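Presented below is the structure to which this report refers.
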Amino acid sequence: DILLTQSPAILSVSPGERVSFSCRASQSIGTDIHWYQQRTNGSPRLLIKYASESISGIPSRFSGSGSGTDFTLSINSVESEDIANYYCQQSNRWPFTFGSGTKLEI
Amino acid sequence: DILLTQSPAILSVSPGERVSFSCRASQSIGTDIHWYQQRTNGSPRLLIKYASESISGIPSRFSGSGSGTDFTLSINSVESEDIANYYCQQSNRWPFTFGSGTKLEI
Amino acid sequence: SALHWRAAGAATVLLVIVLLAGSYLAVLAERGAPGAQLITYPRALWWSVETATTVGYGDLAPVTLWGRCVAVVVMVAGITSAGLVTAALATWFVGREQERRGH
Amino acid sequence: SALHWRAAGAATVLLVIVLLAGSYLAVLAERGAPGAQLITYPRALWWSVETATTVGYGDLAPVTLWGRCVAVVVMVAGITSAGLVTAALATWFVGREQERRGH
Amino acid sequence: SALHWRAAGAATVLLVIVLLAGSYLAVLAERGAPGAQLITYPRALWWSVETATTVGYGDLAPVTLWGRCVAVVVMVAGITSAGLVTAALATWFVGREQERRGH
Amino acid sequence: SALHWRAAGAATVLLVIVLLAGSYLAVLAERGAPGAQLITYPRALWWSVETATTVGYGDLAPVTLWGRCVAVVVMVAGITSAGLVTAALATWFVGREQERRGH
Ligand SMILES: CCCCCCCCCCCCCC(=O)O[C@@H](CO)COC(=O)CCCCCCCC
Ligand SMILES: CCCCCCCCCCCCCC(=O)O[C@@H](CO)COC(=O)CCCCCCCC
Ligand SMILES: CCCCCCCCCCCCCC(=O)O[C@@H](CO)COC(=O)CCCCCCCC
Ligand SMILES: CCCCCCCCCCCCCC(=O)O[C@@H](CO)COC(=O)CCCCCCCC
Ligand SMILES: CCCCCCCCCO
Ligand SMILES: CCCCCCCCCO
Ligand SMILES: CCCCCCCCCO
Ligand SMILES: CCCCCCCCCO
Ligand SMILES: [K+]
Ligand SMILES: [K+]
Ligand SMILES: [K+]
Ligand SMILES: [K+]
Ligand SMILES: [K+]
Ligand SMILES: [K+]
């Protein structure tokens with residue numbers, strides 16, 4: 001099964017800086033990685049699909065990059081409402097799996 | 001030849017807990033892994049075939065999971081008669097090989 | 001119309017149906033098999049086309065019994081289609097050569 | 001019946017026999033070669049079908065001399081079968097076009 | 001000249017055009033997709049040929065929607081070409097056998 | 001003998017020659033390219049056969065310009081051979097159906 005490693009588990013940034021979340025797959029999975037945001041007591045929300053594709057309604061300061069085993073979710077200039085947990089999820093092989101999450105702290 | 005690593009070699013559990021045996025293949029072998037139980041002075045007994053498929057006559061508290069290189073044999077709520085050595089075996093490439101075994105201790 | 005052209009068009013229609021149905025059924029068969037990659041519909045449709053044409057890059061392939069049975073139906077639909085079209089072409093060329101030589 | 005249909009049906013029967021015999025013989029040839037994957041019968045039967053149709057995903061392939069000779073017989077049986085069927089189809093279409101035009 | 005030979009030559013010309021145009025368009029479609037390998041023209045031309053002949057080693061394959069659509073046009077141009085040539089060959093052989101038997 | 005059978009046998013002979021010559025030339029072209037695997041004759045002969053039949057597992061493939069040109073000649077010899085045989089089969093079936101219906 002595809003193991004997804006998100007490290008580090010906690011990211012500490014200053015307001016308005018660029019932040020990057022890492023997600024590493026235990027084997028090559030093309031661009032089949034999707035990124036979700038979960039705020040406190042909220043349900044997950046899709047941010048980026050297929051490693052880099054935008055979702056309507058998501059602010060444009062979110063972007064994603066990478067292919068193969070190494071994936072990055074990026075926030076241009078973080079702000080308070082970005083405080084949340086961030087999960088990656090692969091859909092290359094069955095079963096779908098999730099990474100363990102990175103918390104954003106400001 | 002496919003090397004199968006079973007680690008740890010000894011697993012110590014309490015009655016009724018869930019136990020998990022690890023088997024790791026030196027290269028990717030799909031789901032071609034089979035699991036055997038061997039009690040003291042007994043002959044090996046097939047528990048799980050093709051990583052997760054049940055065998056008739058085997059209690060349902062046994063299950064298996066994984067694909068690629070990482071495989072897990074699981075016992076839901078271990079009991080005394082599960083005390084035994086546990087072996088994995090691959091059939092993806094010639095020759096068939098065995099892992100070195102994990103002993104269950106209660 | 002002539003039978004060979006009706007048969008070729010029929011076969012093209014049926015082939016399109018086999019590609020779509022096979023894509024749906026491949027995903028249905030392969031989800032639940034650990035390691036399977038033929039598990040989302042867009043790339044399953046692509047796989048069904050490169051299987052029907054017998055290209056088979058190997059970027060995707062089924063691992064289950066039912067996913068492989070579906071693959072076999074797709075291969076045979078593709079090869080039969082291509083055979084039907086070749087035969088219809090041959091029939092057209094043979095008849096036009098008959099006429100051009102005066103029967 | 002007509003010769004082209006008898007030949008096509010014969011070829012389909014022989015092809016099924018070649019697929020089963022080739023699966024058995026592939027396993028027999030490949031066991032004993034370190035690294036070989038064509039070594040259990042269900043996936044060997046699948047391999048023989050995707051070889052006969054000339055799809056060749058490459059998920060499985062023989063490595064020994066005899067396993068590769070078996071593969072060659074399977075390829076040729078599959079290509080010949082498909083050629084026989086195309087030719088039988090052509091013969092049917094040509095004859096029906098002859099009749100439809102009044103010979 | 002006879003229609004089947006004109007059609008075969010036409011199809012060979014069109015096939016060459018499809019191979020070159022498909023190589024250009026494959027690179028155009030695939031650049032910009034992370035991980036894509038069909039992104040320089042010499043190896044894209046090689047890929048288009050092994051796709052048209054339905055060999056499909058799998059050393060290269062498209063990953064985008066448009067690169068895969070181009071692949072489908074290339075497959076169909078190659079299979080159609082080969083069908084056209086087989087049919088032209090059949091037409092030639094049938095006519096020469098008609099003459100050899102005295103019509 | 002009849003032309004279609006002479007042409008088919010000729011094509012089978014030429015195909016065998018193309019397989020052997022292509023195996024020799026593939027090794028000659030590919031040695032000297034770092035990473036190339038088509039570099040010993042037994043497995044090059046196997047590669048040439050699975051290329052001629054258009055199976056293309058992808059266990060082996062050429063990387064140089066000349067090795068790929070050789071591959072193209074092998075593909076075309078194999079596809080042409082198979083087309084020639086299909087056409088010869090069609091010609092045989094068409095003539096036997098003519099006789100069976102009384103011309
Ligand atoms: C029950 C549903 C079955 C039908 C599934 C619908 C598929 C939708 C395709 C269009 C959405 C694009 C999404 C995407 O990113 O697609 C490409 C990868 O980027 C994948 O390439 C492909 O979808 C391959 C296309 C093959 C063309 C087949 C033509 C047959 C003559
Ligand atoms: C001497 C013996 C030769 C015959 C071997 C018998 C094979 C039995 C197949 C059914 C058992 C299922 C076990 C299994 O898990 O099978 C699939 C993988 O899950 C493998 O897929 C396959 O077996 C591929 C099937 C190909 C269909 C070929 C049809 C030809 C027109
Ligand atoms: C818009 C441009 C489309 C045309 C692209 C031009 C390609 C130029 C090829 C010659 C330059 C050699 C560079 C090189 O190192 O090439 C080989 C690898 O070493 C790659 O093998 C190939 O180029 C494969 C050749 C396939 C032959 C196709 C014949 C069709 C019947
Ligand atoms: C200029 C020389 C060109 C001819 C090369 C001579 C090749 C000799 C083959 C026999 C020696 C066995 C060594 C060996 O271990 O061979 C197999 C791997 O174990 C490889 O499988 C193969 O050689 C594949 C055989 C393909 C059969 C092709 C039949 C065509 C209808
Ligand atoms: C080959 C046509 C039948 C395919 C049925 C697939 C259903 C899969 C269920 O697991
Ligand atoms: C090609 C038909 C003959 C195959 C015989 C296979 C026997 C393998 C023995 O090692
Ligand atoms: C299938 C013929 C049309 C291909 C057009 C490719 C253009 C790619 C643009 O992203
Ligand atoms: C395609 C026929 C000619 C092949 C010549 C190969 C010679 C390779 C020299 O590097
Ligand atoms: K192929
Ligand atoms: K093919
Ligand atoms: K292939
Ligand atoms: K392949
Ligand atoms: K591969
Ligand atoms: K063909």
Side-chain angles (χ1 to χ4, degrees), chain A residues 1-9 22-29 69 88 90 93-102, chain B residues 1-55 57-106, chain C residues 33-35, chain D residues 34-35:
Chain A
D1 299 4
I2 305 291
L3 183 63
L4 297 177
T5 301
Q6 294 184 252
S7 189
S22 171
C23 175
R24 174 184 274 80
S26 58
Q27 82 197 242
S28 191
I29 51 154
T69 63
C88 59
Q90 69 82 25
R93 298 183 180 268
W94 199 90
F96 298 169
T97 46
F98 291 96
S100 66
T102 295
Chain B
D1 299 4
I2 305 291
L3 183 63
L4 297 177
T5 301
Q6 294 184 252
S7 189
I10 295 179
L11 224 43
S12 267
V13 282
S14 288
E17 309 197 305
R18 221 210 180 221
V19 77
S20 279
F21 306 83
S22 171
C23 175
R24 174 184 274 80
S26 58
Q27 82 197 242
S28 191
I29 51 154
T31 49
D32 304 325
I33 208 83
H34 317 292
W35 289 94
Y36 304 87
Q37 179 192 256
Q38 187 177 35
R39 304 187 169 111
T40 303
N41 288 330
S43 57
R45 154 172 97 146
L46 178 67
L47 305 163
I48 296 281
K49 69 184 182 184
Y50 285 105
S52 66
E53 299 176 18
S54 301
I55 311 300
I58 298 303
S60 53
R61 81 181 167 280
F62 291 88
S63 67
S65 72
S67 65
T69 63
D70 270 288
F71 301 85
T72 300
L73 173 74
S74 281
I75 303 179
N76 268 317
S77 95
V78 57
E79 52 180 83
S80 284
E81 55 152 14
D82 301 333
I83 288 161
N85 286 307
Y86 289 88
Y87 296 94
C88 59
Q89 174 251 319
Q90 69 82 25
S91 64
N92 180 267
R93 298 183 180 268
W94 199 90
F96 298 169
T97 46
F98 291 96
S100 66
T102 295
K103 183 177 154 260
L104 178 66
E105 154 186 323
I106 295 179

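Every chain is numbered from 1 and lettered A, B, ... according to where its sequence line falls, protein lines coming before strand lines.
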Which value, rounded to the nearest 0.5 Å, describes the distance between [X] atom [atom1] and [Y] atom [atom2]?
{"X": "B:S28", "Y": "B:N92", "atom1": "OG", "atom2": "CG", "answer": "7.5 Å"}
{"X": "B:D82", "Y": "B:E105", "atom1": "CG", "atom2": "CD", "answer": "14.0 Å"}
{"X": "B:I33", "Y": "B:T69", "atom1": "CD1", "atom2": "OG1", "answer": "10.0 Å"}
{"X": "B:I106", "Y": "B:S80", "atom1": "CD1", "atom2": "OG", "answer": "4.5 Å"}

Non-hydrogen atoms of [X] and [Y] that approach each other most closely:
{"X": "B:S7", "Y": "B:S22", "value": "O-CB, 3.6 Å"}
{"X": "B:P44", "Y": "B:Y36", "value": "CB-CB, 4.2 Å"}
{"X": "B:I48", "Y": "B:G64", "value": "CD1-N, 3.9 Å"}
{"X": "B:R61", "Y": "B:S77", "value": "CD-O, 3.4 Å"}

Are any of the side-chain heavy atoms of [X] and [Y] separated by less than 4.5 Å?
{"X": "A:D1", "Y": "C:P34", "result": "yes"}
{"X": "B:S20", "Y": "B:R18", "result": "yes"}
{"X": "B:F71", "Y": "B:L4", "result": "no"}
{"X": "B:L47", "Y": "B:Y86", "result": "yes"}
{"X": "B:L104", "Y": "B:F21", "result": "yes"}

Query raised in the report: Does the side-chain contact (heavy atoms from CB on, under 4.5 Å) test come out yes or no for B:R93 and B:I29, once each step is laid out?
Result: CA-CA 8 Å; B:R93 298 183 180 268; B:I29 51 154; 5.6 Å; no

Query - Criterion side-chain contact (heavy atoms from CB on, under 4.5 Å) on B:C88 and B:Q90, from CA distance to verdict - result: CA-CA 7 Å; B:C88 59; B:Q90 69 82 25; over 6 Å; no

Given 3.5 Å as the limit, does a donor-acceptor pair link the side chain of [X] with the main chain of [Y], or not?
{"X": "B:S52", "Y": "B:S65", "value": "no"}
{"X": "B:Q6", "Y": "B:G101", "value": "yes"}
{"X": "A:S26", "Y": "A:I2", "value": "no"}

Query raised in the report: Mind checking whether B:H34 and B:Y50 have parallel, tilted or perpendicular rings, split at 30° and 60°?
Result: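 Ring orientation of B:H34 relative to B:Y50: perpendicular.
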
Query raised in the report: B:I58 and B:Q37: side-chain contact (heavy atoms from CB on, under 4.5 Å), yes or no, with the steps?
Result: CA-CA 10 Å; B:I58 298 303; B:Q37 179 192 256; over 6 Å; no

